[PDB]
Structure formats: structure tokens, C-alpha cells
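Trainee: sharing the initial chains of the complex here, in place:
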Amino acid sequence: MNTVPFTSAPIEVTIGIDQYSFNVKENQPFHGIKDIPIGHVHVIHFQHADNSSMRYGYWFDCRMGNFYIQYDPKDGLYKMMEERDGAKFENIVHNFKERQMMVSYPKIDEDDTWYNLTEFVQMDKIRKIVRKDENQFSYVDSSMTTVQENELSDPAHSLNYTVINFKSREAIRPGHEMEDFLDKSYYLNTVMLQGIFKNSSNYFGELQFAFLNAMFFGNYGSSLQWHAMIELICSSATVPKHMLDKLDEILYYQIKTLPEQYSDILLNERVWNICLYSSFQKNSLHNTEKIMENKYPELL
């Protein structure tokens, strides 16, 4: 169990840690988060009480270093930093725990939600989508645009998701125009899985990371990426059986965890109706279809 200490909490802010969130008042004696489960990535995120725009936050993995949060009054935000002095860090954390100034990561034992949302997500891959190689953790916010969005303006601050475009030379083999456009199996299996992602785990990891960025930050381009990666699978007639089964589980937990109030902006009607009812895989996502129907029958 690991810890992310906070130097202080100078401004009123709602802090999220994974799917949990807490309110912290201006100059409240709050000094961080303990009992963070090892073995998964995590995200700690922020929304200032004065500015309900720009949610922002940090993806991290405590096995990669000792990380803490410190408010910066010039840039006006809570910044993640790495403490390289391990003795100094253990000492700080032990004092803050002794003084019980830390919230406990509030995992119920029965609950695999976070594991299920992050099963394929790796820090090494996140850091290639979010390029800032001097840090071991990755900043994301509401406003960052994706590479594909940029093509259609600062590169250092972009989300470098894999570009998916169904009407592109990459997606369409010369002489298989109609075949490849109506059955995307060759774009999925040869171009994307074998060529770019190498395996389905990396594909699912990017899909899960895009969903999480959309849900936690309202990042619109991430939402586009999530739906595109779903649609590419559903629009392929030939998909390994293990991928379909795993996709059904992945999407089920994503839909289960989505705030009911955000389904309007976070779920694209066309993609979902096509995937569940028109596509090749309309009959392969039983759990996902059942939760969508019982929780969001309006969208459909």
C-alpha cells in the first residue's frame, strides 16, 4: 500500500482518486492519500471550487517512484512532483500518518471496479500517448486535443492516440474498397493489431485509457478515440473470440461506472446503436447490451 502526500491544500478543491472523490476546504489540514493499491495505474485529479472548468490530473504508478502533490500559486494548480530522497519521503509520510492527516483510499474488498477499468492500461503506454519524458507521471486535462484533432495547435501538449480513420488509404486496400469499408477486419487485424498495437492487450489499454480520460476530464477527443476503437472492432466480421468476450467485459464496467447524468455527452448514439444492433458483433456483447438497455434505453 502506497501513499501520495500533499504539502498543503491552499485552495478549495474537489480531489478525485480513481473513481472516488472528496471535498477539501481552503487551507484545510489535508496531507494526502494513503493505502493506494499497488499493482494498478492510478489517477489523482482536481476541480477547483472557483473554476468548474478545466478538470485536470495525473496518471501515475507508485512502483515507479515516490510522488507527492504541491500547490503552485503562480500557475494556480496542484502539481505532481517526484521526491528522489527516499529517506526524506518515508519520513514525511510516516509523520503525516502518525498525525492522521491523510484520507484512506476507500476500496471495498468485494470491489474489482478499478481493476476492471484499468486491466490493460500500462504506465509505459500512457507516457507514449502523453509525451513528457522528464516525468514518470502524466498530466491530462479537459482541454488537451488529440493528434487526429490537430490534423483537422501545440504538439507538446497533445494526446498522441493512434489515428483511426475509416475513409483513409491506411484503412482501405486498393482494389478492396467496398470489401474493406464494409468489413474492417483487415484494418483491425493486420493494420492495427498486428502492425501498430502488436497485440490486443495494448489495443484494449489505449481504449480503456481513452474512456477514463473522457469520463474524468470530459476530454472530448478521448471520447472520440474510445468510440472509434469500439466501432472498429464491432465493424469487423472476423474478430478473435477472446477479444469479443474481453470487449464485452471492458465495456460493461465502463458503462456501469459512467455517471448517469453524463450519458448524453459521453455516449455517441450512432456508434452504440450500430455496435449493439446493426454490426457484425451485435450478438457478441451480451453483458454490455443488457446494461445499456436497463440503464440508458433512451439513447437507443
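Mentor: All right, it came through fine. Numbers count the residues shown, from 1 in each chain, chains lettered A, B, ... in the order given.

Trainee: rest of the way, CA atoms for contacts and neighbours
Mentor: Will do.

Trainee: could you chop chain A up by domain?
Mentor: A:1-143, A:144-300 (curated CATH domains).

Trainee: could these go into CSV alongside mean neighbour count?
Mentor: Formatted as CSV, the entries for the domains of chain A read as follows, by neighbours: other C-alpha atoms under 10 Å:
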stretch, mean neighbour count
domain A:1-143, 17
domain A:144-300, 17
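
Trainee: grab the nearest non-local neighbour of residue A:172.
Mentor: Excluding its sequence neighbours, the residue lying closest to residue A:172 (C-alpha to C-alpha, 6 or more residues apart in numbering) is residue A:180, at 5.6 Å.

Trainee: surely that neighbour is in contact with residue A:171?
Mentor: Yes. Taking contacts as C-alpha atoms under 8 Å, residue A:180 lies within contact range of residue A:171: 7.3 Å.

Trainee: overlap in contacts, these two.
Mentor: Overlap between the neighbourhoods of residue A:180 and residue A:171 consists of residue A:187, taking contacts as C-alpha atoms under 8 Å, 6 or more residues apart in numbering.

Trainee: assumed residue A:81 was part of a strand.
Mentor: Yes. Checked against DSSP: H, G, I helix; E, B strand; the rest coil, residue A:81 lies within a strand.

Trainee: mind listing the residues bridging to it?
Mentor: Per DSSP bridges, the residues bridged to residue A:81 are residue A:68.

Trainee: now do it against residue A:4, distance only.
Mentor: 10 Å (C-alpha to C-alpha, to the nearest Å).

Trainee: between these two, what contacts are shared?
Mentor: By the contact definition C-alpha under 8 Å, 6+ apart, residue A:81 and residue A:4 are jointly contacted by A:67-69.

Trainee: roughly how far does the closest residue to residue A:104 other than its chain neighbours sit from residue A:78?
Mentor: Once flanking residues are discounted, residue A:104 sits nearest to residue A:34: 5.0 Å by C-alpha to C-alpha, 6+ apart. Counting by C-alpha to C-alpha, the gap between residue A:34 and residue A:78 amounts to 18 Å.

Trainee: helices of the stretch 101-250 of chain A, start to end?
Mentor: In the stretch 101-250 of chain A, the helices defined using DSSP state H, counting those that start in this stretch lie at A:113-118, A:123-129, A:147-151, A:177-182, A:185-186, A:200-217, A:220-234, A:241-257.

Trainee: and the ones you listed: which comes nearest residue A:136?
Mentor: Nearest of the helices of the stretch 101-250 of chain A to residue A:136, taken as C-alpha to C-alpha: helix A:123-129 at 7.8 Å.

Trainee: neighbouring contacts of the closest one?
Mentor: A:41, A:59-61, A:133, A:136-138, A:159-161, A:202, A:206, A:209.

Trainee: what's the answer for stretch A:169-180, then?
Mentor: By C-alpha under 8 Å, 6+ apart, the list of residues contacting stretch A:169-180 reads A:165-166, A:181, A:184, A:186-187, A:191.

Trainee: which of those residues lies closest to residue A:265?
Mentor: Nearest to residue A:265 among the contacts of stretch A:169-180, counting by C-alpha to C-alpha, is residue A:165 at 21.5 Å.

Trainee: how close does the closest one get to residue A:240?
Mentor: Residue A:165 is 22 Å from residue A:240, where distance means C-alpha to C-alpha.

Trainee: for residue A:24, what are its contacts?
Mentor: Residues near residue A:24 by C-alpha under 8 Å, 6+ apart: A:9, A:12-15, A:30.

Trainee: gap between it and residue A:9?
Mentor: Residue A:24 is 7 Å from residue A:9, by C-alpha to C-alpha.

Trainee: now for these two: what residues contact both?
Mentor: residue A:30.

Trainee: how about the helices of the stretch 101-250 of chain A, which one is nearest residue A:55?
Mentor: For the helices of the stretch 101-250 of chain A, the distance to residue A:55 is smallest for helix A:200-217, at 5.3 Å, taking C-alpha to C-alpha.

Trainee: then chain B, please:
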Amino acid sequence: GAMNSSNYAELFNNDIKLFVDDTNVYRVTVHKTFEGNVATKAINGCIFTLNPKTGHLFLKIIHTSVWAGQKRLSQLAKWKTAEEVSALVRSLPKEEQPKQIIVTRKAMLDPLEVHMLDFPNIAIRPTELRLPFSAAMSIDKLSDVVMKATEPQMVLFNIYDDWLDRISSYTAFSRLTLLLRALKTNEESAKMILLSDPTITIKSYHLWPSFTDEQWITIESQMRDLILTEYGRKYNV
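Mentor: Take a look at chain B, now in place beside the chains above:
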């Protein structure tokens, strides 16, 4: 963007463009089988690809053999249309290739877009206009060449005959759309108007009769009257 009444004169500027109409590509007769079920039999079709500025018509004849052993023919017909249009563009010298292709039915956008990926600078546009190009098979010499074909064939025509020697493209396209609208709304009457007078002939090298300027005015008024009457009947107004 879409082509509509408001940007209509764009058709007659000096940027090369083509209309593509796919409504006569996949043509069938419906009939009963011995057992009393219904079956279709395909007949030859055509792609109607038209430069509205010059009148040049690229009539790609679609022989029934292209459907042999294929499923979902109405969907295939749209891709075949896009395949043949793309091949036509590739065959043209660079300075003759269109800058825009305007499809008369929106369902052609994706097939043509995908087939034209190699020409990213050719804009594929839909239109809000209700153009009567389905009536092209009411023009006798176009119907005759389609039905007689025994193999795929591309044939070049000028759908304006020599009209552009005396009138502008705008006026020529308006005459063409009026004639075709009339032929669509009541083929028998429209054809009666065009051929009533045996002394007016169709040049062996033309599609329409050799009217003088004054006779064209009379013809055009007769086609207008036809179109308006038919309409009153349609709607009981």
C-alpha cells in the same frame, strides 16, 4: 458543401465538374415464378456522368453480367458506380479531371469518397436539387445503346447536341432539365410533343430534334404546360 438553388450558377463556371447519377445502374423487371413466388430479372443499365458546362456525357453501360452470382445488388450497384467513375477520372488527362463530382443521391457519397481516396483534392458533393436524370433512358438513342450492349462499354455523347453554338450553358442545362422533367412526369405526352411534326428531324449524329430558336420556345412552353397539368392531377389542386 451541398449544391442547391442558391449556388446554382457554380455549375456553369470554368471549374471542371461532373454530375453522377446512379439511378439507372441496377435495373430489374419483377415477375412471378412457376411456384408463384416473385423474382427479378436484371436488364442492362448505365451510369449517367455529365459535365453540365460542356454537355459531354460519359455513358458507362452496365451489362447484366456484372451482377452474376453477386448478393445485395442494390448496395453493390453503388460501389460499382463509384469504381467506374474513379476509373473514368483516372483515364482522363490531368487537365481534364474534375475538381468536383456532384452525386445526385447521397447514398453515393461514401462509396465514391472511398474510391476516390487517391484524389484528395476532388470534392465529392451531394445536392439538394431533385434533378430528373433518371429519365435519361427516355431518350431513344441512349436507351437503344444500353439495351443493345453485349458487354461493358463506355460511350461518349454531347447531351446538348449543338445548342451551345447559340445559347449559354445555363440555358442549355435549363432546357435539358425541362425536357427530362417532362419525360419523367409523363413520358408518352412529352415524346408526343417532341416528335408530333414529322418535318422536324433528329440528325443522325444528335439526340434531340433540329428545332429552330422559335420552335424551341414553343416546345419549352408545351413541356412547361405538361409539367404543371400533371402536377394539379397529382395533388388535386
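
Trainee: the contacts of stretch A:169-180 with chain B there, same question as before?
Mentor: For stretch A:169-180, the external contacting residues (C-alpha atoms under 8 Å, 6 or more residues apart in numbering or on different chains) are A:165-166, A:181, A:184, A:186-187, A:191, B:79, B:111, B:114-115, B:117-118.

Trainee: first-to-last residue distance for that stretch?
Mentor: Its start and end residues considered, stretch A:169-180 measures 11 Å (C-alpha to C-alpha).

Trainee: any idea how far it is from the chain center?
Mentor: For stretch A:169-180, the distance from its own C-alpha centre to the chain's C-alpha centre is 31 Å (C-alpha atoms, centre = their mean, to the nearest Å).

Trainee: stretch B:3-11 too?
Mentor: Here stretch B:3-11 is found 18 Å from its chain centre; the criterion is C-alpha atoms, centre = their mean.

Trainee: who touches the closest residue to residue A:58 other than its chain neighbours in this structure?
Mentor: Distances taken as C-alpha to C-alpha, 6 or more residues apart in numbering or on different chains place residue A:139 nearest to residue A:58, at 4.6 Å, with adjacent residues excluded. When contacts are counted by C-alpha under 8 Å, 6+ apart, residue A:139 is found next to A:56-59, A:130.

Trainee: next step: these restricted to strands.
Mentor: Using DSSP state E, A:56-59 are the members of those that sit in strands.

Trainee: would you mind listing what in chain B touches chain A?
Mentor: Contact residues (C-alpha under 8 Å from any C-alpha of the partner chain) of chain B with chain A: B:79, B:111, B:113-115, B:117-118.

Trainee: and these, which are buried?
Mentor: The neighbour-count test (16 or more other C-alpha atoms under 10 Å in any protein chain shown) marks B:79, B:111, B:113-115, B:117 as buried among these.

Trainee: picking up where we left off before, against residue A:224, how distant is the residue nearest to residue A:58?
Mentor: When distance is defined by C-alpha to C-alpha, residue A:139 is 19 Å away from residue A:224.

Trainee: next: residue B:88.
Mentor: Counting by C-alpha to C-alpha - residue B:88 and residue A:224 are separated by 36 Å.

Trainee: likewise for residue A:72?
Mentor: Between residue A:72 and residue A:224 the computed distance is 32 Å (C-alpha to C-alpha).

Trainee: which helix in chain B has the most residues?
Mentor: For chain B, the helix with the greatest residue count under DSSP state H is helix B:213-235.

Trainee: show me which residues of it are buried.
Mentor: In terms of neighbour count (16+ other C-alpha under 10 Å), helix B:213-235 has its buried residues at B:219-220, B:222-223, B:226-227.

Trainee: distance between it and the chain's centre?
Mentor: Between the centre of helix B:213-235 and the centre of its host chain there is 20 Å, according to C-alpha atoms, centre = their mean.

Trainee: how about residue A:286, what does it touch?
Mentor: Residue A:286 sits next to residue A:248 when contact means C-alpha under 8 Å, 6+ apart.

Trainee: just checking, what packs against the longest helix of chain B?
Mentor: Applying 3 or more C-alpha pairs under 8 Å, 6 or more residues apart in numbering or on different chains; DSSP states H and E, one finds that helix B:213-235 makes contact with helix B:169-185, helix B:187-195.

Trainee: backbone torsions only: list them for residue B:25.
Mentor: phi -80, psi -50 (degrees, to the nearest 10).

Trainee: near it, how many residues? Count them for me, please.
Mentor: Look at residue B:25: counted by other C-alpha atoms under 10 Å in any protein chain shown, it has 24 neighbours.

Trainee: the one 3 residues further on too?
Mentor: Residue B:28 has 15 neighbouring residues, counting by other C-alpha under 10 Å.

Trainee: residues touching it, list them.
Mentor: Contact criterion C-alpha under 8 Å, 6+ apart gives B:40-43 as the residues in contact with residue B:28.

Trainee: which one of the residues you listed is nearest residue B:17?
Mentor: Each of those was scored against residue B:17 by C-alpha to C-alpha, and residue B:43 proved nearest at 29.3 Å.

Trainee: so how far is residue A:1 from the closest one?
Mentor: According to C-alpha to C-alpha, residue B:43 stands 75 Å off from residue A:1.
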